[PDB]
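The next block holds one structure in the form of structure tokens; read it before the comments.
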Amino acid sequence: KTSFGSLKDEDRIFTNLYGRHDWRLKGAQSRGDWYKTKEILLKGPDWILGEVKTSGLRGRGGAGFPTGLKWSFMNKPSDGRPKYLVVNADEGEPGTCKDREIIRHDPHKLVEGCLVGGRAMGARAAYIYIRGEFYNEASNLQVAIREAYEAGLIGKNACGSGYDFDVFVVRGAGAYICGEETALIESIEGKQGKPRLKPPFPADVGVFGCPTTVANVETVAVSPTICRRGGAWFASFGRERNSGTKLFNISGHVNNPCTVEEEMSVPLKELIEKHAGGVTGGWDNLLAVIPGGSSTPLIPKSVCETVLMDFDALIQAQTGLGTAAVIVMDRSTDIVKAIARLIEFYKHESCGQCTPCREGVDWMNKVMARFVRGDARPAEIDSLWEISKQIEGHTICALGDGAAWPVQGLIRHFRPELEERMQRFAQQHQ
Amino acid sequence: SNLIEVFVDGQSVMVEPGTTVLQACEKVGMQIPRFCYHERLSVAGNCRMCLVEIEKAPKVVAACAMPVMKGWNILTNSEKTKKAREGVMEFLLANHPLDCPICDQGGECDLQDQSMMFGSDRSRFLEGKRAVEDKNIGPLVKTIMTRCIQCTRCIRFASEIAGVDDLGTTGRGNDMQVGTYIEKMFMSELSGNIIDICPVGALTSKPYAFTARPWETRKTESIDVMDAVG
Amino acid sequence: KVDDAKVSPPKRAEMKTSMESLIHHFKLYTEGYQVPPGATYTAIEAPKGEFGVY
Amino acid sequence: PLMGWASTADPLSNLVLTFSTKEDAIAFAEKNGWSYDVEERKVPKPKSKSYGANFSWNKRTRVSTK
Amino acid sequence: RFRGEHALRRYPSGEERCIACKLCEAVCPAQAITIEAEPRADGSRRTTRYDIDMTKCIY
Amino acid sequence: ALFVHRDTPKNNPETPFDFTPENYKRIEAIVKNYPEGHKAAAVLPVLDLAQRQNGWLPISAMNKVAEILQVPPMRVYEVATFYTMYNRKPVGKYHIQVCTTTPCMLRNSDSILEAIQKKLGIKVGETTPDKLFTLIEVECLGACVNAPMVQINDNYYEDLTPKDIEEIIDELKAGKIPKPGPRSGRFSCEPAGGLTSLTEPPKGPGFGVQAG
Amino acid sequence: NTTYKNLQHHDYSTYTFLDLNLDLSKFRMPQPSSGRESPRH
Ligand SMILES: Cc1cc2nc3c(=O)[nH]c(=O)nc-3n(C[C@H](O)[C@H](O)[C@H](O)COP(=O)(O)O)c2cc1C
Ligand code: SF4
Ligand code: SF4
Ligand code: SF4
Ligand code: SF4
Ligand code: FES
Ligand code: FES
């Protein structure tokens, strides 16, 4: 053990991070794709599954379930219906910025990872569902899979197998909940964006009824190095409850915000200042922190001074852990204004199957608007705490839940500034 | 021989495998309230009233489309069951405006009965109460889609028994019309059978529309004529 | 009065403003609030005497 | 003919008696001495319909809209 | 707060304030209220016949 | 946003709209990707093709898609209502989509909005007083590490500021396209400061691998 | 080496995506059916 340290090189996943060295089939071959790969093909998917479940892999995408258990669901006995790997290439959750860089640099890593996943479970085909907002790099992915097509290396006779595995690309038609786990599936099907209930599972009934699995693109992109590298080398990165290098990115408000690859456990202040400029106006000039993304409550200063960047420790800090909007925001403007914009976002993009997210996001938007104007009474704001307690756990999907968390965190930490806002509005009305 | 144990408030009863929890709970007598499940239809997931707590669990499942696992023990009358119902019922009465005098299912709503028997005594939320321009369907069905609760029950009846595919959910967020996008006359057979199905006073009969009220009438057993079924 | 709208009608302001008050008003006057089953007996000292109702 | 009211010569046309069984219904009906018509308690059909079975692969049970 | 005469009102320079929603018969104890409600020509809902029996009304 | 059709001729079928047998070859590709028996998944890419074949899609486009793909049109109308590429009302040729919700407002999209506002003239959501500069602002796209950004039809403009605003306005008035590249320094998503990231040209395939 | 290796994508017209998957439709395993071609026949 150590005390979890930070990252040194060769613990990094791939080169060509930021507009750098290469992109071609020969660039990917010179960087390491398609190497010792048929010897992994002709070995056995139980070996791959044992390596996944031994490597301590945490499911990226804001779900927290380890991937090997989901893929152990995926080992249904063989029937007359194929099994599919769906690659969830959307970038929802404003802040995430995630696989736009992956598709901009190394699509052949995605080729390797979908090969690993479909070979891991008796699957037959893969479906890259990309965000429709990504047209140019979507056709970059097209040219790259064309390079793999004319490589004679994917599809029929992948390295010399009698086991073919094709990928098809479906673009987004422009939505947000297609990022989520099953409205994805019914947007593939031709129906409009509508999620599904739980007891028919994706591992049970998925794309048109065939069992399948939705996988995050980070987990897919890190999956071939699980095969071609040593046993649970990826597990030696953090704790033994969670493991792995995570793509910690600062969106938002620092000096020159950008993206870095790091290990699991990093001190947060050193993550901020040592990797994207620094906090503007001084470290004490901040207002607050959000980890996780657009669907994770805020964290104030004194909490995260001691609490560094860990899944379970942020659960202990009463939030979740997600990606790439691990940002501070400034004491200049108001997080009340920012969260009001966040609730306007959740209102303008959410479907309306479940009545609670619909009606609750309506009330919470109007009540945040009256907060920005300072209009209401404090009984209303604790009733807003009450309704946000009444939403979390009543939906199909989790977008209403992701609406419910930030207002709870704001009511926890920034109560008296809201009080002073309402007080000066009472003065101006007075 | 192929039955499953459940406990409704502890009481054991035996289940044919593959049914829903709601069917077993209305087998023993507990009329768990509902807004989109319908026995003569397929099952959507939009009612949200069907929530019920089951023990040894962190969260509350829907009882509408839950297959019966082995050895249930349901809390049909717990704290958070009634709290979840009070939640959902407080949500529904926001964007359903004050037309309960001028309704046509005024005696026979479902928001009425289930909000008296499950909901909240006082309400909240002054503003809001969005409005929708009423569409047209045909001169047999009067259509006020302000009172609609978007419960997706007319649609399943259309796309199963009618199959005509005229009704559609259009929009997102709050704004989600149940209607015909192109103002095409839904005038076919069984178009009169949709009005006993829309559980609020959104869809209603056109000639009957503003004449009487269910309490003043009385029922009488009778036989259909003019057709071979009766 | 009591603050239990499922027994008494609401006051007229909350009736004409909000929704649940209107629904409770309407079906409270039509349907009549449900009463749980059972028998009871009571009496007061009316100035005649033990005025009882069963 | 003066107000347009429903008037009738029918004293017993406002009756209903709530029971719990059929044997005591027949027993009381003949105990007071009149003829009578008995009907059926037509129970609903026992069904078992589910969400995933509505979302099959080959079967026509396919809602095409949700 | 005396109880008198049984008049129908109307809006301020407007239509009949009644709607024929039958509540007054639904709670009239002596049932002196008789309501029959056709909708009028212009689509809005209205009456035909709204009757009180002053013989029957218990005020 | 006025989702009843309200027929309004220059619409109201028959509206002139037709395809090419080469576009039929595209349709052959689309229903050859999807497995047989579940044809109704092609409504989304065929309506995508319809938008890239004619700028804003009319109702006759969707009716023709229903005529080809042998389904009644109401499901096609549903999918056209749900999604956010398909500006059903007639817009201009170019189309400004100022992506701004949380980090963009935080990094002065208000100056960006007001700069576009006072140089193009028109307000949010309005049409330009010609064609081909119809302005709206939209939700996040995915470059939250960047500045407030501008999406035009199938093209990005990232890392903006009011001088970049003046550039993009005057140069889309110059007919041609400028580059979609990240403007005003840091030519991709790049740490342009201390740069403690990876500094080694790549290892090659033949390093330490396992189970061979 | 700090060179922007991208902007090979600089030359995309409106038809490149559909036409790329069109031009790359061959060597295809035929996406197997299931009985009917639709809900109906
Ligand atoms: C609000 C919300 C937004 C989501 N956005 C995305 C997204 O942009 N990309 C994505 O891959 N999954 C998204 N998801 C789905 C989950 O992250 C899902 O777990 C993921 O696709 C696969 O995770 P796994 O690798 O652990 O299986 C979203 C889910 C929710 C609730
Ligand atoms: S919570 Fe809202 S967005 Fe999510 S499935 Fe339910 S209705 Fe749709
Ligand atoms: S349908 Fe609406 S207007 Fe009619 S009684 Fe019910 S809640 Fe009132
Ligand atoms: S119109 Fe009626 S049946 Fe249809 S969704 Fe609305 S409330 Fe339900
Ligand atoms: S029917 Fe009776 S209660 Fe209703 S509006 Fe008319 S007078 Fe009032
Ligand atoms: S029955 Fe309405 S959702 Fe379960
Ligand atoms: S909000 Fe504009 S980039 Fe995400």
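Protein chains in written order, with the deposited numbering: chain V1, 9 to 438; chain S1, 6 to 235; chain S2, 324 to 377; chain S4, 68 to 133; chain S8, 60 to 118; chain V2, 5 to 216; chain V3, 35 to 75. C-beta: ideal position from N, C-alpha, C; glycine also.
- The residues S64, in chain order, have a CB closer than 8 Å to that of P20 (chain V2) in the same chain once the five nearest residues on each side in sequence are set aside.
- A217 (chain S1) has its CB no nearer than 7 Å to any heavy atom of ligand 5.
- In terms of CA proximity to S251 (chain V1), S273 (chain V1) leads the group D54 (chain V1), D114 (chain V1), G238 (chain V1), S273 (chain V1).
- Residue environment analysis places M342 (chain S2) among the buried positions, since at least 16 neighbouring C-beta atoms fall within 10 angstroms of its C-beta.
- Beta-bridge annotation (DSSP): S68 (chain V3) is paired with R70 (chain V3).
- Within chain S4, the residues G119, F122 have their CB atoms less than 7 Å from the CB of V213 (chain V1), given in chain order.
- Less than 8 Å separates the beta-carbon of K85 (chain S1) from that of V65 (chain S1).
- The beta-carbon of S115 (chain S4) is placed no less than 8 Å from the nearest beta-carbon of chain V3.
- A73 (chain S4) and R92 (chain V2) have their alpha carbons spaced roughly 58 Å apart.
- Between the segment 67-83 of chain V2 and the segment 95-105 of chain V2 there are fewer than three C-beta pairs closer than 8 Å, too few to call the two in contact.
- Looking only at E109 (chain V1), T104 (chain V1), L118 (chain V1), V94 (chain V1), the smallest Cα-Cα distance to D41 (chain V1) is reached by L118 (chain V1).
- DSSP places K126 (chain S4) outside both helix and strand once states are collapsed to three, so it counts as coil.
- Within chain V2, the residues whose beta carbon sits less than 9 Å from that of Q65 (chain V3) are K36, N37, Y38, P39, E40, listed in sequence order.
- Judged by the Cβ position, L164 (chain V2) fails to qualify as a neighbour of ligand 7 at the 7 Å threshold, every heavy atom of the ligand being at least this far.
- Less than 8 Å divides the Cβ of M337 (chain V1) from the Cβ of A346 (chain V1).
- Per DSSP, the beta-bridge partners of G176 (chain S1) are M181 (chain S1).
- Counting only runs of at least 4 residues, the segment 251-332 of chain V1 fully encloses the following alpha helix (DSSP H) elements, listed from N- to C-terminal order: 276-281, 309-314, 319-324.
- Membership of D139 (chain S1) in any beta strand (DSSP E) is not indicated, and neither H nor E is assigned to it by DSSP.
- The DSSP-derived three-state label of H42 (chain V2) is coil.
- The beta carbon of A91 (chain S8) is closer than 6 Å to those of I111, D112, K115, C116 in its chain, skipping five residues each way along the sequence.
- Contacts with chain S1 (Cβ-Cβ distance below 7 Å) from the segment 386-402 of chain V1 involve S391, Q398, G401, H402, listed in chain order.
- In this structure the segment 352-368 of chain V1 touches the segment 202-220 of chain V1; the number of beta carbon pairs closer than 8 Å is three or more.
- DSSP, read as helix, strand or coil, puts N159 (chain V2) in strand.
- By the neighbour-count definition (other C-beta atoms within 10 Å, threshold 16), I196 (chain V1) is a buried residue.
- The beta carbons of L33 (chain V1) and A133 (chain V1) sit no closer together than 8 Å.
- Per the coordinates, the alpha-carbon of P115 (chain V1) lies some 48 Å from the alpha-carbon of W77 (chain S1).
- For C235 (chain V1), the uninterrupted alpha helix (DSSP H) segment begins and ends at 225-236.
- The three-state reading of DSSP puts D57 (chain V3) in helix, counting H, G and I together.
- For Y356 (chain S2), no Cβ of chain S8 is located within less than 8 Å of the residue's own Cβ.
- Judged by the Cβ position, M121 (chain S1) fails to qualify as a neighbour of ligand 7 at the 7 Å threshold, every heavy atom of the ligand being at least this far.
- Nearest CB-CB separation between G182 (chain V1) and chain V2: below the 8 Å threshold.
- Annotation for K147 (chain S1): the continuous beta strand (DSSP E) segment containing it runs 146-148.
- Residue pairing by DSSP places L139 (chain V2) opposite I100 (chain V2) in a beta bridge.
- Look at the beta carbons and you see the segment 80-91 of chain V2 not touching the segment 60-70 of chain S8: under three pairs across the two are nearer than 8 Å.
- Remark: C-beta atoms of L93 (chain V1) and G76 (chain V1) do not approach each other more closely than 8 Å.
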